[PDB]
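Commentary on secondary and tertiary structure
One-letter residues, chain by chain:
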There are 2 protein chains.
Amino acid sequence: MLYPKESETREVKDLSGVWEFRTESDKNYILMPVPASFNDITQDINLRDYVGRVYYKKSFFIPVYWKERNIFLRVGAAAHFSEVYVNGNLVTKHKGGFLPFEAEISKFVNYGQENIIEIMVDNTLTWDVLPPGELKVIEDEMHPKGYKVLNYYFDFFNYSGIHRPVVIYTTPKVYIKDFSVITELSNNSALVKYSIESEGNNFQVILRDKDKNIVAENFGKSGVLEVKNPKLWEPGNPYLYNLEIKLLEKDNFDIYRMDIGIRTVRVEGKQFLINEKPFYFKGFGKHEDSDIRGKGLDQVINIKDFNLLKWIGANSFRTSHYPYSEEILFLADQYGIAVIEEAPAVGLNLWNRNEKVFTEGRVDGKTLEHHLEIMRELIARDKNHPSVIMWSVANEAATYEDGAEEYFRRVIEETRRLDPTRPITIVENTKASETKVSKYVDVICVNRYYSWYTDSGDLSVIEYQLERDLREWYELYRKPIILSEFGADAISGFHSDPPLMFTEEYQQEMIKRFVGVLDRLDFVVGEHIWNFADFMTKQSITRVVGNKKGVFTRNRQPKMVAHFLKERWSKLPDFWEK
Amino acid sequence: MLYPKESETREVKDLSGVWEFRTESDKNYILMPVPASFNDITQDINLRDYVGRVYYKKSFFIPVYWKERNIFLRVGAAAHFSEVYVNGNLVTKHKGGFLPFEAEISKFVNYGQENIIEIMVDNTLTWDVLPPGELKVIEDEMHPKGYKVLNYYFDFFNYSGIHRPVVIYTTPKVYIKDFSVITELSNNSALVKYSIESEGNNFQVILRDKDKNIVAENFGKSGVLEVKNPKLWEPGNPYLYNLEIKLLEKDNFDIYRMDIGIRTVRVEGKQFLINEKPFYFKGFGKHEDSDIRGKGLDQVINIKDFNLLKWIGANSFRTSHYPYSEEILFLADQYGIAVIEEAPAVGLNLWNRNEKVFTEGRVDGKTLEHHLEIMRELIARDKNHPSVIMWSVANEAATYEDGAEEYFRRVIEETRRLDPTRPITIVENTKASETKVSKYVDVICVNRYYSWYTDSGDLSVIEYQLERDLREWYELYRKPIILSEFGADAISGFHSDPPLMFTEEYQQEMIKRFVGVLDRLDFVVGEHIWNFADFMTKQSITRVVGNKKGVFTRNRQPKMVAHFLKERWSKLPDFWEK
Ligand SMILES: [Cl-]
Ligand SMILES: [Cl-]
């Protein structure tokens, strides 16, 4: 499914705005913005911590002239289970809170009249949705009848609601359903190879440069476009060409356009190559999180975040720990930021080797089935973005378990089959010698928190422990390694010398000592600090109103270590043969 | 001009989203969200502090089926001077940064094809725009050639950009252009009297209650709708009826709907009556201000703000110091919050009696002309909102000057002529015996900061000074009095005992002592604390990154005094015969 875009042949109507909202088995509505998480909008603590079904409702008018058009209703994201009703008719259901879903609804609309859309969203986690969790009953001596808790083991808050825009769009009855683009370098040219999915068959395809000059054209539902003297897309030079696809049939006419970038990505030895040059990742793990709206899409915050990425000198980030909005990937295309996009397989770990995760009752064949469908949906959505340069299949799963090996072999095999054009990783906090899964990926991503979660407060252990660990990863697997997470919680304004945990000084010193180690290791091709910004988590005595490891505050202002990273990364080239 | 609303006969296309953006005489664009202020979006300090013209650009497609429709392009707000181009054609110009403007553009569009909209916005202040300011050249021994400053004397930052949504909407060629509604109480019924502006003449008008029951109907371009057993709108009971207007002609058909509220407002003696009951204002001066987006409209923030208003027990606010977005007034209608809406005549004061403001060179006949046009635009926009219950013509002008008397007599006279159905005020910080203007309004609004700006730190003077002052206002003018501003800057987390300026304790103690005085004065009908939330100002040694007098932080979380006000206001009735 293609991102909804207006053209000569397609209308788009955005239903974002103020909706009516209620919780299960309640008749009274309140007002609720869309897109947004509902948790922080009100002062009702029982809604903040609500677990169950909520219902959104809105009126909309369909123009009579949309008859004899396809009418699609698209929901960008709703966490985690959703059902969509048009005038009381169920038009689609969806499982998974971080990818879009849509249905054709012309059969159910009142033309030239009022219509009602209702969207049910259920935030109840189970062990066969990603990320997983479990609702548990607690009726003991200290809890009243009916006390229940939603348990989950990922470290970000279970925000719920409609997190990305709801839109209605039209197409002709015979229309461009999808297309695939692959770019190759050939002699002094680039090739853009394409295939179009449609019931139609007569297509003209045109490629235009930045100045609207036509640089290539082809008649054909599949084909190759040759670009002589191409300008390649890469961090530091985000050149985009505009691909125009025109269906020209007897009764149907359809146009779809997308900006694409010409680049190659390849792993060879201990090098991560973009356009055949050795890349060095400088960046962050991020989160879709901001004040008040929770996980809701906000283009103000998105553009602010990319300007901060360019300001600090980052060239990349990982979409920890789930696919982000398409909007963020289009921006990464424009700004020239390399993206590792990650499936929502986070929380597959009970920090305890006595509780097994990959076992009947928890992560099983049903979870695997969902994970495989997720990879198919994710690659289908994002396969044409130049900014996505790697897929991450999971974050900190219990990869030391025997059952994790067969599980992830299947996930990894399916991902590569779906997209052979990008490398694959998995983000590990398991010990190097214990993971049964990292031997199957292209690039190793390791999260390490020496002197924070272990030997807390003792910065002196970092060089000893980190160098020994990373050398063992390389000795066992002989793959490029990204230090995919490291950092320390810092309360803005907490200062100390000597540095103490939770101060800005400790965060900067820890990060500084980690990267001094990486500079001595020629097989380390990247550093991603956790996290870009402070974000909300569930409440616990270990979380000082959320996770405070941001390099920026939640309102997008820098802590001390942001300036250290700006100075370091201004000296580090994007392409660096270590 | 009516708020753009979809119906059976009208389409609305929202152009908000990501636009291209550049500054004057520069050819390279960056990305910029709309709606938003541009100042805090980037890390370019020279754009943050930019003074001059900026240019927004976006492509849009017009459906061929919009031929033979009116096509209107509406800009919700752009601060402060703006020009709108459709495919290079100037379709309208506008002066004033806080009210909407529109043009019919069907003559300039390419049907079924790409179109380009460009919007120029100029943030350069002058003495004949509201709020006023002046660009000054400073080429002396300590400033290089070309150093210039924009001087202005209002205490909020001169954020600029497109602050409210840009939309395109259709109507039939003969259409409902405007309508006026007035509500009266008669015996046991309410009357909704209406007049419609249109080139058409055959109208059916229907009024529906909350459950869609038809409670009144009338055929006629003007008329009266009788509601037996009306449910009145008021704070604490925001009942809205839906007014449906249907134009039924030979070749044209048009429907427009609006929720309205049935209430009366009247000043009599020292009482402010809503629905013939004595009201007591409990609330705030607000600002259109939030993190990152500046003055840009954000419905997440708006709904959050109204939930906080209901949580703390407020029943009212003033739109300090300019008209707010229509969106906020529709929400105030839904939530039952009484609004004093204020014209942007703030900054008409050089805190210095040697520099006259109402004089040739500063506030003169050109400024007055703009002010009068502003009142006409403001009442035309908001005349049908039940939540607006009073107009404020200015905030803290230099009303002690001889020239201020003739200026404001004309403003006040024109406001009353335009809308005889709502009382009029002006918000004063002049001394009671010195203002030449308050004798002409219906309700006195006085801002007082004893122990903050005067006798700084000495809370012991409050009762002595405030009671004497307010008794003199009543003795001179014999009108109801609202304490329209009072408060203290408080940094969140700054605490002290004994209380010190800038601590949360000092803010709470000051506010507590002020309202203890008000409770002893039967002619005081309201308390508005300055401010609802921390907001940005220009930089100065008196502003600790903006104005810190918020009862809530800028991210909408409560300070200590928020809990004091919640407890007080939970005990104070909305209707209180003092
Ligand atoms: Cl962490
Ligand atoms: Cl102030």
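Thresholds applied
Bear in mind the residue numbers are our own, running from 1 along each chain as written, so they may not match the entry, and residues with no coordinates are left out. For naming, the first written chain is A and the first written ligand is 1, with later ones following in the order written. For these chains, which sit within a larger assembly, all listed values pertain solely to the part presented. Note that water and hydrogens are dropped before the side-chain values are worked out from all heavy atoms of the structure. Residues with missing side-chain atoms are left out of burial classes, side-chain pairs and their counts. The copies are overlaid through least-squares superposition of their C-alpha atoms. We call two residues in contact whenever any of their non-hydrogen atoms come within 4.5 Å of each other. DSSP-based pairing: two strands are paired if at least 2 bridges between them are found. For the purposes of this entry, the term helix denotes a DSSP run of H or I that reaches at least four residues, the term strand denotes a run of E that reaches at least two, and both are numbered from the N terminus. Lines fitted to C-alpha atoms define the axes here, with helix axes fitted over just the stretch in contact, and angles between the N-to-C directions of these axes take values from 0 to 180 degrees. Crossings are sorted by hand: turned counterclockwise from the far helix by less than a right angle, the near helix makes the crossing left-handed, and turned clockwise it makes it right-handed. When residues are sorted by character, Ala, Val, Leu, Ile, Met, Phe, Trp, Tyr, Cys and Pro go into the nonpolar class, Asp, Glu, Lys and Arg into the charged class, and all the rest, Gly among them, into the polar class. A patch is a set of surface residues, each over 30% in relative accessible area and not in a salt bridge, joined within 9 Å for like charges and within 5 Å for the nonpolar side chains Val, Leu, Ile, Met, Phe, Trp and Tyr. Here the accessible surface of atoms and residues is derived via Shrake-Rupley with a 1.4 Å probe, and residues count as covered only by protein chains that are part of the display. The working definition used for a salt bridge is a side-chain nitrogen of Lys or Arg within 4 Å of a carboxyl oxygen of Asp or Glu. Only protein chains enter the accessibility calculation, which uses a 1.4 Å probe. A residue is then buried if its area is under 20% of the maximum for its type, exposed if over 50%, and partly exposed in between. We define a nonpolar core as any set of buried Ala, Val, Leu, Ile, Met, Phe, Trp, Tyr and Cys residues linked to one another through side-chain atoms lying within 4.5 Å.

- Its PDB header attributes the entry to X-ray crystallography and lists the resolution as 1.8510 Å.

Some points on the relation of the copies chain A and chain B
- Overlaying chain A on chain B yields an RMSD of 0.0 Å, the required transformation being a rotation through 180° with an accompanying axial translation of 0.0 Å. Considering both components of the superposition, the chain copies are consistent with a two-fold axis. Considering only C-alpha atoms, the residue of chain A closest to the rotation axis is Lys13 of chain A, which sits at 3.3 Å.
- Comparing interface residues between copies, 100% of those in chain A also lie at the interface in chain B; the contact surface is shared.

What to know about the sheet that holds strand 16 (residues 203-208) of chain A
Residues and elements named next belong to chain A.
- One open sheet holds the four strands; their spatial order is 17-16-21-22, and the pairing between them is antiparallel. Of all the strands in the sheet, just strand 17 (214-219) and strand 22 (253-260) have a single pairing partner and so form its edges. Averaged over all pairs of adjacent strands, the angle between strand axes in this sheet comes to 15°, irrespective of strand direction.
- By the bridge criterion, six bridges tie strand 16 to strand 21 (residues 241-248) in an arrangement that is antiparallel.

Remarks on the packing of helix 2 (residues 299-312) of chain B against helix 3 (residues 326-335) of chain B
All names here are of chain B.
- Running from N to C, helix 2 and helix 3 cross one another at 35°; their axes reach a closest spacing of 11 Å. Crossing geometry of helix 2 relative to helix 3 is assigned as right-handed. Two secondary-structure elements touch here, helix 2 through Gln299, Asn302, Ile303, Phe306, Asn307 and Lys310 and helix 3 through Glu327, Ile328, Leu331, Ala332 and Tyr335.
- In the contact of helix 2 with helix 3, the residues fall into six nonpolar, three polar and two charged.

What about a nonpolar patch on the surface?
- A grouping of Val64 and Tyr65 of chain A together with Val64 and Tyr65 of chain B is seen on the molecular surface, where their side chains present a nonpolar patch of about 420 Å² in accessible area.
- If you trace the backbone, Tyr65 of chain A turns up in the loop between strand 5 (53-61) and strand 6 (70-79).
- The exposure class of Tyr65 of chain A is partly exposed, given its relative accessible area of 48%.

Regarding the sheet that holds strand 26 (residues 281-285) of chain B
Residues and elements named next belong to chain B.
- Taken together, the eight strands give a closed barrel; going around it, the order is 26-27-28-29-30-31-32-33, and neighbouring strands pair in parallel fashion. Neighbour-to-neighbour, the strand axes of this sheet turn through a mean angle of 25°, independent of strand direction.
- Sheet analysis places strand 31 (residues 443-447) next to strand 32 (residues 481-485), joined by four bridges and oriented parallel. If you follow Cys445 over to strand 32, its bridge partner there is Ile482.

Some remarks on the pattern of salt bridges
- Under the counting rule described, the total for this entry stands at 96 salt bridges over all chains.
- Here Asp419 of chain B makes a salt bridge to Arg422 of chain B, at a shortest N to O gap of 2.9 Å. Residues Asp419 of chain B and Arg422 of chain B agree in their burial class; the two are buried.
- Through salt bridges with shared partners, a single ionic network connects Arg74, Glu102, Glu326, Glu341, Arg381 and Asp382 of chain A.

What about the environment of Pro235 of chain B?
Residue and element names in this part refer to chain B.
- Residue position: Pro235 is located in the loop between strand 19 (233-234) and strand 20 (237-238).
- On the accessibility criterion, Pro235 (3% relative accessible area) is buried.
- Separated by 102 residues in sequence, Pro235 and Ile337 have C-alpha atoms that sit 5.5 Å apart.
- Residue contacts for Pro235: discarding those within four places in its chain leaves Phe279, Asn315, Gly336, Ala338, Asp574 and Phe575.

A short note on the pairing of strand 33 (residues 524-530) of chain A
Residues and elements named next belong to chain A.
- Most of strand 33 is tucked away, with seven of its seven residues classed as buried.
- Pairing geometry for strand 26 (residues 281-285) and strand 33, over five bridges, is parallel. The partner of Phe284 across the bridge, within strand 33, is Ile529.
- Bridge analysis of strand 32 (residues 481-485) against strand 33 gives three bridges, and the strand direction is parallel.

Considerations on the interface of chain A and chain B
- Opposite the 40 residues of chain A that make contact, chain B presents 40 residues.
- With eight residues, the top contributor of residues to the side of chain A that touches chain B is helix 2 (residues 299-312) of chain A.

Quick notes on the nonpolar core
- Counting 136 residues, the largest nonpolar core has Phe408 of chain A together with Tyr56 of chain B as its most contacted members.
- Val91 of chain A together with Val393, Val446 and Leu470 of chain B belong to the second-largest nonpolar core, a separate cluster that totals 135 residues.

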